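*Asks:* Take this sequence and fold it.
(chains A, B and C)
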Amino acid sequence: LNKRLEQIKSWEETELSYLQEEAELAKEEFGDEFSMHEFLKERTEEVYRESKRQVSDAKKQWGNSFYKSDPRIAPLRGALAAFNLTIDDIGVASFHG
Amino acid sequence: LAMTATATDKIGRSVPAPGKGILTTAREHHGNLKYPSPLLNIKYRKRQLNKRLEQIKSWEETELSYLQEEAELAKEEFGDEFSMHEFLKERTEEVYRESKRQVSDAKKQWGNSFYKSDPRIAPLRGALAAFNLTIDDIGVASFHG
Amino acid sequence: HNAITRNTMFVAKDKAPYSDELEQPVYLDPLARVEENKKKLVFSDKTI
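*Replies:* Residues are numbered from 1 along each chain as shown, chains lettered A, B, ... in the order given. Coordinates below:
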């Protein structure tokens, strides 16, 4: 997760850097009404939301839902291992009874 | 099945009274539309997905390379019963499944579910834009009627 | 404590947070958030 988050941070940086080059492209492709400030604001918000979703995806892949694909990790064991609890850590069973 | 949703209406005192609660399937923000959202554009998402897939391929290569150093670590930490072949086989299968999951998640983020977070992309528009269909591409509406 | 003393635990809502005019505009804006007004949490056209 740490290396993936480093990748996502680099991805933010490259996107924000590319945004200036994309603004010049849109500056000529949207007429004289183009606002540099407004374009940068909308697209920076978009980049921030996209990278937030990337970070959430990484945390869901490695923290929350790392056991969805793995068949050697049962749903119960994997759900507990999300919180770093073992099979032994279920103390009580509320039986239907 | 591109999209599906359920909804309630509002305060009321008439259960059989229908309402406009399902109108939220078309919800999006329209405060400032001076520029198109890049996420609705297919090729932008395609190049994002391509670079993510390149990253995942590099991740696979680095993991398979590291597996040799990890096996040597486990060779001393698991006794003389350690089998290099068996360790490599299980761990290679694990790396392959992890890589498949990363590829699937990248395709889910950029192809299938790129509109989960974006409030400027409605559920309907985003569901269609997954298949590169516009709002105009719904030809028929099967009304409750 | 107030609810137990006064039998006012359940307060039925007579009106939705949005008026009939702002019902669908709120439905169609995922960023529409209720705000406080006269101590009541209601939707206003300012946030739509």
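*Asks:* only C-alpha atoms for contact and neighbour calcs from this point on.
*Replies:* Will do.
*Asks:* what's the neighbour count on residue 32?
*Replies:* Picked chain A for this. Residue A:32 sits with 8 neighbouring residues when counted by other CA atoms under 10 Å in any protein chain shown.
*Asks:* Actually, chain C is the one I wanted.
*Replies:* 17.
*Asks:* For residue A:38, give me its contacts.
*Replies:* residue B:34 (CA atoms under 8 Å, 6 or more residues apart in numbering or on different chains).
*Asks:* Distance check, it against residue A:19.
*Replies:* As judged by CA to CA, to the nearest Å, residue A:38 and residue A:19 stand 12 Å apart.
*Asks:* just residue A:73 next, same as before
*Replies:* Residue A:73 is 42 Å from residue A:19, by CA to CA.
*Asks:* How about chain C: which residue is closest to chain A?
*Replies:* residue C:31 (14.1 Å; CA to the nearest CA).
*Asks:* Report the secondary structure state of that residue.
*Replies:* coil (DSSP: H, G, I helix; E, B strand; the rest coil).
*Asks:* Tell me which helix or strand residue C:16 sits in.
*Replies:* According to DSSP states H and E, residue C:16 maps onto no helix or strand at all.
*Asks:* For chain B, see how far away it is.
*Replies:* Using CA to the nearest CA, to the nearest Å, we find residue C:16 at a distance of 5 Å from chain B.
*Asks:* Then residue C:30?
*Replies:* With CA to the nearest CA as the criterion, residue C:30 and chain B are 6 Å apart.
*Asks:* neighbours around that residue, how many?
*Replies:* By other CA under 10 Å, 20 other residues sit near residue C:30.
*Asks:* What of the one 10 residues further on?
*Replies:* Around residue C:40 sit 10 other residues, with neighbours defined as other CA under 10 Å.
*Asks:* Bridged to it, which residues?
*Replies:* Beta-bridge partners for residue C:40, by DSSP bridges, are residue C:37.
*Asks:* Excluding chain neighbours, what is closest to the residue in chain C that chain B sits nearest to?
*Replies:* Residue nearest to chain B within chain C: residue C:28 (3.7 Å; CA to the nearest CA). Spatially, and ignoring its direct neighbours in sequence, residue C:28 is nearest to residue B:27 (3.7 Å; CA to CA, 6 or more residues apart in numbering or on different chains).
*Asks:* Phi and psi next, for the one you found.
*Replies:* phi -70, psi 130 (degrees, to the nearest 10).
*Asks:* Quick check: it vs chain A, distance?
*Replies:* 18 Å.
*Asks:* Quickly note the distance from that residue to residue C:34.
*Replies:* Residue B:27 is 16 Å from residue C:34, by CA to CA.
*Asks:* tally of neighbours for residue A:79?
*Replies:* 20.
*Asks:* who touches it in this structure?
*Replies:* A:64-65, A:67.
*Asks:* ok, so of those residues, who is nearest residue C:11?
*Replies:* Nearest to residue C:11 among the contacts of residue A:79, counting by CA to CA, is residue A:64 at 38.1 Å.
*Asks:* My read is that the closest one contacts residue A:80, right?
*Replies:* No. Under the criterion of CA atoms under 8 Å, residue A:64 is not in contact with residue A:80, lying 9.7 Å apart.
*Asks:* So residue A:73 and residue A:19 - more neighbours on which side?
*Replies:* residue A:19 (17 against 14).
*Asks:* hmm, back to that, tell me the phi and psi of the residue of chain C closest to chain B?
*Replies:* Residue C:28 adopts backbone torsions of phi -90, psi 0, taken as degrees, to the nearest 10.
*Asks:* Now the residue nearest the centre of chain C. Nearest residue, chain neighbours left out?
*Replies:* Centroid check for chain C by CA atoms, centre = their mean gives residue C:17 as the closest residue, at 2.7 Å. For residue C:17, ignoring the flanking residues on the chain, the nearest one in space by CA to CA, 6+ apart is residue C:42 at 4.3 Å.
*Asks:* Residue A:1: what's it in contact with?
*Replies:* A:58-59, A:62.
*Asks:* and residue C:47, how many neighbours does it have?
*Replies:* A count of nearby residues for residue C:47, using other CA under 10 Å, gives 13.
*Asks:* my guess is residue C:47 meets residue C:32, correct?
*Replies:* Yes. The criterion here is CA under 8 Å, and residue C:47 meets it with residue C:32 at 5.6 Å.
*Asks:* wait, is residue C:25 part of a helix?
*Replies:* Yes. Looking at residue C:25 with three-state DSSP, it is inside a helix.
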